[PDB]
Amino acid sequence: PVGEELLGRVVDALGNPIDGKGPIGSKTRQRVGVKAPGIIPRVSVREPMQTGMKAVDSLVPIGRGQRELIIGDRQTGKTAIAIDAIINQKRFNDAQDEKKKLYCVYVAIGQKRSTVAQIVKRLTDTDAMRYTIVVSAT
Amino acid sequence: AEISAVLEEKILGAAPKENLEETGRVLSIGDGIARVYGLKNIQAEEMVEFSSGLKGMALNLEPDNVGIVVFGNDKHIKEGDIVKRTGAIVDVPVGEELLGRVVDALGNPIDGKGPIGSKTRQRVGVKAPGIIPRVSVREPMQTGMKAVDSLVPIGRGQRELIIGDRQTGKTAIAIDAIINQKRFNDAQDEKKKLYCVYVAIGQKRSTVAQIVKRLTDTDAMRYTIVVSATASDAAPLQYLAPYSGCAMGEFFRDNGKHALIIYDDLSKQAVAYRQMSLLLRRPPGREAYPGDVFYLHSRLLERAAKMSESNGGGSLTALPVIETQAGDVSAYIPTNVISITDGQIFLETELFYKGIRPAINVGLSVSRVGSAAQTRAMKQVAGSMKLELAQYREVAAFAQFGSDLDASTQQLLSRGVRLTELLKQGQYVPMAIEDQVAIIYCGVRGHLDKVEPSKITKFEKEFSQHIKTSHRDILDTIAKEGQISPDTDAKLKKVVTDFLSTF
Amino acid sequence: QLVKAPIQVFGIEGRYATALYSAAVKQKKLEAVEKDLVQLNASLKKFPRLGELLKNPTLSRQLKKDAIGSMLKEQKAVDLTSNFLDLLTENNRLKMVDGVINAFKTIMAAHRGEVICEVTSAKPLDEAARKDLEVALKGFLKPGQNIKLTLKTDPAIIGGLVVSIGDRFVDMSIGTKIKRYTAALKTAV
Amino acid sequence: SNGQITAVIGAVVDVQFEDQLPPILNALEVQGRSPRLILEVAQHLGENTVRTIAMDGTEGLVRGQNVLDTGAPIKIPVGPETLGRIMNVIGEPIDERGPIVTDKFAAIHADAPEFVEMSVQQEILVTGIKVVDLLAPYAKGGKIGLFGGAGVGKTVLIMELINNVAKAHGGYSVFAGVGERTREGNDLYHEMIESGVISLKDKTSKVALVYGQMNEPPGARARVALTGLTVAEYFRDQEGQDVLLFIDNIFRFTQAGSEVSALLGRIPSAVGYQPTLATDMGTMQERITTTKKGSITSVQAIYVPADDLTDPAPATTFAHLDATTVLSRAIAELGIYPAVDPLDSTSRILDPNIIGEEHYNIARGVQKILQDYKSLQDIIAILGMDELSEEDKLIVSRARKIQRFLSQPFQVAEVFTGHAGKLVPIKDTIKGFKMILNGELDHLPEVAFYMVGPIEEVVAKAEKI
Amino acid sequence: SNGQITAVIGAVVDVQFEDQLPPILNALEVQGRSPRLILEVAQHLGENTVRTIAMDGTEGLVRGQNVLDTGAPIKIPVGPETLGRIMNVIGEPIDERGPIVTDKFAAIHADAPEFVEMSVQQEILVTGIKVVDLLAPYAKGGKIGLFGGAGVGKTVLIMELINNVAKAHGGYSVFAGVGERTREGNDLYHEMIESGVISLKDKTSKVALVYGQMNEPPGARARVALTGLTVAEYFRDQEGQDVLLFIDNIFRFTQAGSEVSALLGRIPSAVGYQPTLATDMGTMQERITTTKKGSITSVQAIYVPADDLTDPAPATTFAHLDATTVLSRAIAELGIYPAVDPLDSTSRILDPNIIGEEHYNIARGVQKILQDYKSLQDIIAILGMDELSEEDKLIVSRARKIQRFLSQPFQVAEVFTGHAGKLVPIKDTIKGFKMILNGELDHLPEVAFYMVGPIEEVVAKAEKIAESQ
Amino acid sequence: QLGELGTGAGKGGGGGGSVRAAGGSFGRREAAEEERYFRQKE
Amino acid sequence: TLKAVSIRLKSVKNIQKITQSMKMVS
Ligand SMILES: Nc1ncnc2c1ncn2[C@@H]1O[C@H](COP(=O)(O)OP(=O)(O)OP(=O)(O)O)[C@@H](O)[C@H]1O
Ligand SMILES: Nc1ncnc2c1ncn2[C@@H]1O[C@H](COP(=O)(O)OP(=O)(O)OP(=O)(O)O)[C@@H](O)[C@H]1O
Ligand SMILES: Nc1ncnc2c1ncn2[C@@H]1O[C@H](COP(=O)(O)OP(=O)(O)OP(=O)(O)O)[C@@H](O)[C@H]1O
Ligand SMILES: Nc1ncnc2c1ncn2[C@@H]1O[C@H](COP(=O)(O)OP(=O)(O)O)[C@@H](O)[C@H]1O
Ligand SMILES: [Mg+2]
Ligand SMILES: [Mg+2]
Ligand SMILES: [Mg+2]
Ligand SMILES: [Mg+2]
């Protein structure tokens, strides 16, 4: 399932809800093995991606449409950078300028289920869950 | 042998015609391997012919099918095609008609110079000569390089491995050895003539064309056969090419003549043989290589022999080339060929970029023939050189932090530095044995201690010219004597001091 | 050239069965070779000593073909089935003589167009149940078809009817229907 | 004839035919697919069943689906009509500019040119890159490989070669994007239409683009290099042109072959590769060469996995190249760009009789100082600079000056570096390194030698300090 | 009975019989074959098919070709008629001197002697090699292994041991050339003829040669060691003689078994080898032993692949040997010849109660100085020779004198180097190393200890150096 | 090219302690200082 | 190879022990 009915919902890899908030009223579905867009439909990355981190947004600036790798050892803050980038978009999503609005999808692969629950709690307290989809495969 | 057509005709009791004892049909074809039903009278390692004109060799004889490697592109082979027996195992043309010709692994000419009028054909898988028919290696095989003909000497009838990393000069050693035989082939001495054979396995066709261009410009092509199984050719062709070139050199060896074979390189032949073994569903071993990959190189190189005087006295000299990965000689294929050959010529990238060219590691290069592969004059000067280089090796380390040294030690350090610069040599310029002996003799007798090492090469050309047109009587005296007498040593020293005064 | 089988049967045992079917349909012995193979399979099941003797890999193939030949003369098998079993004992393939016969039965069932039907009910019933079930199953038939009906009893499905066809299946039973309703109760809110 | 799908496992499809089997390398077309799905016959399995490799995705394929035999291999458009266009592995235009209307077609599988059709002439191709032009010069007509890991810079280096060589080139160019970023394909395409190399208005375009990228299935990624070859082979043979062929990157051809080979039922080779690694690479690479009819100058980026040069795929590619340019991560972490390893790059034209005595002696002199520096670096690392007073410290000082002077700002890297791109003539390059080797610049700081092209900019940078 | 060839894949031939099957290790002969190809039964595959390994080339074999069962394993000629002759793996004469006319034949597969038949006699065999005699002395009737890589000197050492021991031994000797160069076999054959060990005219020949070289198939190279061992076993048992068995190289027996093991249907072992590596080596090696009937003094050259002594083939061979002498490339690169590693070569008779207290104490004292020398070299690298104290100065100086003195010119290596060969008695070796350990020759230069036999030549060489300089 | 002393055990020149077996440049330093001392003595 | 790294690691470990001992003395 795909759509705006998944915002605020924690789902598994099949799209089934796991947060116990009821079913998902999505009317559309999308294949998981769709090929990527080709040369022509793409365009250069020219819109900023605001992670809210001083060292990121100045020295390693991320754009919209970019693939930026967060690489390191264990317990070095890789999840902290990613979660703060999700939280930071609240100032753009609350505003009326829809072109700067950004929805978020957090995919937890191979993590601990308690760690995912604490992440969802952090997103709920900071009100960042309203535009976030959590896909959990612990 | 249970296929649907064969099963159904067994139910009917049809007793089908077109009996499959000298013929067969393809069951499966793919990746250059054809499984053929039929061919009941076929032999192991026997040539076959497909209905498209392609050739093949039957390696796996099995009760149900025959495993056949394809000599070319398998797009022509189709399931159900008729495969016919040739009747004989793989053979190649041999003779002196192949001198000056570029051929593939099957002997077909690829240089566009017309058909080869060979009269005889030898099978590529003949057995190596035994203990009795061969005699000890005694004749020098002149590589033309000072570092080889003095420290790692090669005799006629000897397998000498040229091993190193990529772009270290392995082909440079082999090609310069072929070029050096121009002097002996031009002379009237039939005993010292050497007919070279160059086998290129898995290289580029432009690389081989550059080799033939170099050999033709230096006029070394008149006595050279180039067997070429490049990277575009099938893996069975690259596997068969060393044995085809060996059979061409075995013609000279068995007819009283002396031949030289270069396999460039045997590491690619193992890759081609590994591909055939994996696609024949034979179980792999270390680095996916088959178990018989040692026997692959051992049955090839053992055919290089120095025959006895009752077998014509001819010799077959092999120079296999092995490429290592970052100097790792502990791999499967370099370890096997090192244990097979009579010596190694290690080439190092560190020595190559330090100015030492050819980049021969003397501490790692061995030769099991020793001084028997050197002439009398060279043996006299290389033995003294090996002692002085050993003494220099003891005292060469003093440049790290030493500041004050003994006068005798400084003389040893200076002479050894001259000797290390003496072993350096440019590419495509192999020098004669008399020039190598004379320059090494000057190096080890202190005749170059007063000369800066940067001008050693200029001295090596000009002083050799001075003793060529003016002191040719001394050269005739050394040639008739065969060694360096004390009177001739004094005469050469006086010419050196006279030349250095004029220098 | 081989005649295409009515359905595809897979494996080496299916390869022998399609070879025997093609040979029997090129001639006019389709019904004959089916009759003696069924009678041979019934003979092997009724006498397990014969099955253990044929499947024994220690015994030589001459003893196997003699035992096969001695027990096939009483079957009045003429040319195809005798050569078929001679081919099975020529190879080491008579260990699955039951496999090739079962595969050959599957080919001939589709030759007559029979479609296997499996209807599962909680309790057995006849008269009114069997009359309407035959007509309901006959409605799925294309022309040139036959129904092979197998009735099963299972109290684990509470009631209802679990009817299966050769490739299609429905679960119109009480046990599964209340199971998804209770699943809807737990996933309601 | 007409076949039916028997088995679908990944990119490998088994098709069974009734009357006549298609030959190996023939193209098969699946019927019930809204876009064209092309299967290439790889082997005959027996029982009139062939095993094929799909050039697109195999999802939605059912067993028994009808497959049509085209009776020929994959034929792609070739000629002037492909200039300025982007095509995929099967020759379909993916630039959304309509069909490629041409009368000329060519199969992507062709035999390599024979030994008779070989050119032995070697002339130096001047680039403007000091490390390339000095130590491993490129031949005008020849095979050039750019070895390197991930992020060491190969796309930047091959874009600089396009900027320098391909802009001022009297001939045609072909770019084969093989398993790389689709973003990079979009960047290069708009770079061409902005630099005028691709003209969307008239027929003055000079480059043909063939793109099978890393989002493509393994069948497309293992054949799209052959499509770029076939366009370049037409220009060399049927027109006698001098062609430039940029492949980025050729490792993905070999890597995609290993992925298909797992599903082809082969016994795996060393490091899990296909048994036919050297033969498939040799068949592909021998078609990229200069013949007597025309010349092809090929630059091939070569990815090394896990920064391993002993991996079978880069190791077998080394023997196929005239000039090799090995890019090192250790040099890139020092800030020296381009990160070319000076003691691992070869040219096969680094000869006194080809490039001159002074060019050869300076290049060998540079390599000798850098090799002496590498030998001394273990003493420097543990003990320190206190070694041999004047002599070894002069070796270290000169070698570090040479290492800085090998670096050069690129015009294509000017966006994210700020330093203006420099194109350095080869006479200025050999003059600059001769001044460092002679000791004429020992008093200058080594910072002045860094990221400046000409040697006059080195002394100007030193005066600025 | 009679069989027919079913499959030919490499050096492995499957043949099918109609009558009773031949047993494992039986010899089968292919009928329509000119050079007498022989197949040895390796395993029964079932369905009346056995799987064999070929003792010769398999080219030209046809499926359906008749194979004859000989009813016995490979039987070779044995006895005095094999002395001065060269035999192949199957006992055919390959020296071109006519057939080997004899009445005795022995199968090349036999059981090892039992535990009751074992002999515990241990007496020192003096070889004349100073490093061998001092640190790892050989025993009469014991097993000697010459470990080493390629080019370290196993062949030269085994030629020197033949020259020093087999020329004046008393009793017959057997050389088994297993998977080596045919040039080396030709060189040894003519060296034996010139030495008089082989007589081409009289019956005074002492050595019997069996050769299967690198050109042989893996079947021949994996059985030729058993052919030479069978000749040595006949001399030990049926004649009660003292036998010298020289084998070079015994690693090729293991390697040739690994080449065919993949085609025999076996999962590979560690590194890559037959899973039956230790068992196949154990059955072969335990036949090579001193019974109570007679003694076999075995000297085996052992190839160490890539100088890795932890390779499974050299590692399994260590447990089978009374004395092992490891030849090191590091020792050879220093110029020391023979390249025996002093701290890696061991002997079983290196005991105070076997070779005496003085011999044992000097040998342990030498190994202690050489071990302390290796420990001190790291301090020399960092601290330098300036700061070492006079105790470690004497340790390093005496170690270099000891290390040079372990080298020795060989008579068989005189043509290589030019130095005259020297033979050193055990008493002179003990006295010479005792003088260096005591410090009696601390004033001598270390160059005087290089390539000299006795310690009296060390003094003479030092005086010559001092007088010349 | 001669296999200088201390360049590595089995790498052309070396043999001895851990530094000499490892080779490189510290083995060269060990061989240099040792041979300098014993050449001074002789 | 694995043996080469193990030999080099042993040598550098001994170098550190000597220099640490020299550092304490000095
Ligand atoms: N900027 C920061 N300020 C304070 N604490 C931080 C910061 N960044 C990370 N941390 C803390 O460091 C710890 C590790 O960070 P985090 O869990 O995000 O790393 P990680 O790479 O995701 O580790 P894991 O291997 O568990 O996935 C956490 O306890 C987090 O709170
Ligand atoms: N003695 C020499 N003096 C100068 N240049 C040399 C010498 N020997 C070789 N070269 C050069 O070094 C380069 C590499 O040498 P060569 O091609 O012979 O080595 P190779 O090991 O065969 O390389 P490859 O791995 O490509 O086969 C060439 O450009 C060659 O000209
Ligand atoms: N010449 C250069 N000047 C400056 N920076 C460079 C240069 N070459 C590479 N870089 C740096 O390295 C990065 C990697 O660039 P590039 O895409 O060329 O690498 P690559 O080897 O193709 O890697 P990939 O495997 O990701 O394709 C650049 O984005 C830049 O940061
Ligand atoms: N005792 C020795 N004295 C001098 N050189 C030797 C000695 N032993 C071996 N060598 C060197 O080793 C080479 C022969 O080695 P070899 O014994 O054939 O090795 P392997 O036993 O591994 O085959 C000769 O070229 C020689 O230089
Ligand atoms: Mg985390
Ligand atoms: Mg080469
Ligand atoms: Mg890139
Ligand atoms: Mg040997």
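Below, each value reflects all heavy atoms present in this structure, side chains not excepted, and no hydrogens, waters or symmetry copies. Just so we're on the same page: letters track the sequence lines, and every chain starts at 1.
- Environment of CD in B:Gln483: crowded, with over 12 heavy atoms of neighbouring residues, nucleotides or ligands closer than 6.0 Å.
- Listed here is the closest heavy atom pair of E:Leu423 and E:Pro425: O-CD, 3.9 Å.
- A donor-acceptor distance shorter than 3.5 angstrom exists from the side chain of B:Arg418 to the backbone of B:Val451, with no hydrogens or angles considered.
- Formation of a donor-acceptor pair under 3.5 Å by the E:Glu160 side chain with backbone atoms of E:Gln411 is found in this model.
- Within the 4.5 Å cutoff, the side chain of E:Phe449 has heavy atoms near those of the E:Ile436 side chain.
- No side-chain heavy atom of E:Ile331 sits less than 4.5 Å from a side-chain heavy atom of E:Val340.
- More than 12 heavy atoms of other shown residues, nucleotides or ligands fall within 6.0 angstrom of atom NZ in E:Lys401.
- Of the possible donor and acceptor atoms, none in the side chain of B:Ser414 sits under 3.5 Å from a partner among the backbone N and O of B:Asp449.
- With a 4.5 Å cut-off on side-chain heavy atoms, B:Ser485 and B:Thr488 count as touching.
- At a threshold of 4.5 Å between non-hydrogen side-chain atoms, the residues E:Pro137 and E:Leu350 count as touching.
- Side chain of F:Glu42 to backbone of E:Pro445: no donor-acceptor contact under 3.5 angstrom is found.
- No donor-acceptor pair closer than 3.5 Å links the side chain of F:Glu33 to the backbone N or O of F:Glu30.
- Side-chain contact check for E:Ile426 versus E:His359: some heavy-atom pair is nearer than 4.5 Å.
- Atom CZ of E:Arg400 has more than 12 heavy atoms from other residues, nucleotides or ligands within 6.0 Å.
- Judged purely by atom type and a 3.5 angstrom limit, E:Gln408 has no side-chain atom pairing as donor or acceptor with the backbone of E:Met451.
- With a 6.0 Å radius and a threshold of 12 heavy atoms from other residues, nucleotides or ligands, B:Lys386 has its NZ atom above the threshold.
- Around the NZ atom of D:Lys374, the shell of radius 6.0 Å holds no more than 12 heavy atoms that belong to other residues, nucleotides or ligands.
- A donor-acceptor pair is defined here as one N or O able to donate and one able to accept, closer than 3.5 Å; no such pair exists between the side chain of E:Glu414 and the backbone of E:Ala420.
- The only option from B:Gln425, B:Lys455, B:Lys146 that meets the side-chain hydrogen bond (donor to acceptor under 3.5 Å, both in side chains) definition with B:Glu460 turns out to be B:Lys146.
- Around NZ of D:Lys393, the count of heavy atoms belonging to other residues, nucleotides or ligands within 6.0 Å exceeds 12.
- What you find for B:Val152 and B:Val366 is that their closest heavy atoms are CG1-O, 3.3 Å.
- A salt bridge links B:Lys424 with B:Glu421: the closest approach of a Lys/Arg side-chain nitrogen to an acidic carboxylate oxygen falls below 4.0 angstrom.
- Residues E:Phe410 and E:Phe416 place their aromatic rings such that the two centres sit no closer than 6.0 Å.
- No side-chain heavy atom of F:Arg36 sits less than 4.5 Å from a side-chain heavy atom of E:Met385.
- Here the side chain of B:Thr497 pairs a donor or acceptor atom with the backbone of B:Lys493 at under 3.5 angstrom.
- Judged by distance alone, the side chains of B:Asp489 and B:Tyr441 do bring a donor and an acceptor atom under 3.5 Å apart.
- Taking both residues in full, the closest heavy atoms of G:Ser11 and F:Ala22 are given as OG-CB, 3.4 Å, listed atom of the first, atom of the second, then distance.
- For the residue pair B:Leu422 and B:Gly443, the shortest heavy atom distance occurs at CD2-CA, 4.0 Å.
- B:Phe346 approaches B:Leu364 most closely through the heavy-atom pair CD1-O, 3.2 Å.
- In terms of heavy-atom proximity, E:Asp341 sits nearest to E:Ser345 at O-OG, 2.8 Å.
- Relative to the six-membered ring of B:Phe352, B:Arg357 meets both conditions, a distance below 6.0 Å and an angle of at most 45° to the axis.
- In this structure, the side chain of E:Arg329 engages the main chain of E:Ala150 through a donor-acceptor pair within 3.5 Å.
- Checked by atom type and distance alone, the side chain of B:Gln374 pairs as donor or acceptor with a backbone atom of B:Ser150 at under 3.5 Å.
- Note that E:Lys130 lies in the cation-pi zone of E:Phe405, set by a 6.0 Å cut-off to the ring centre and a 45° limit from the axis.
- Side-chain atoms of F:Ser18 and G:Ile7, non-hydrogen and from C-beta on, never get closer than 4.5 Å to each other.
- A salt bridge is defined here as a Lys NZ or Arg NE, NH1 or NH2 lying under 4.0 Å from an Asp or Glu carboxylate O, and B:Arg415 with B:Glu388 meets this definition.
- For the pair E:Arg398 and E:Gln403, the minimum side-chain heavy-atom distance is 4.5 Å or more.
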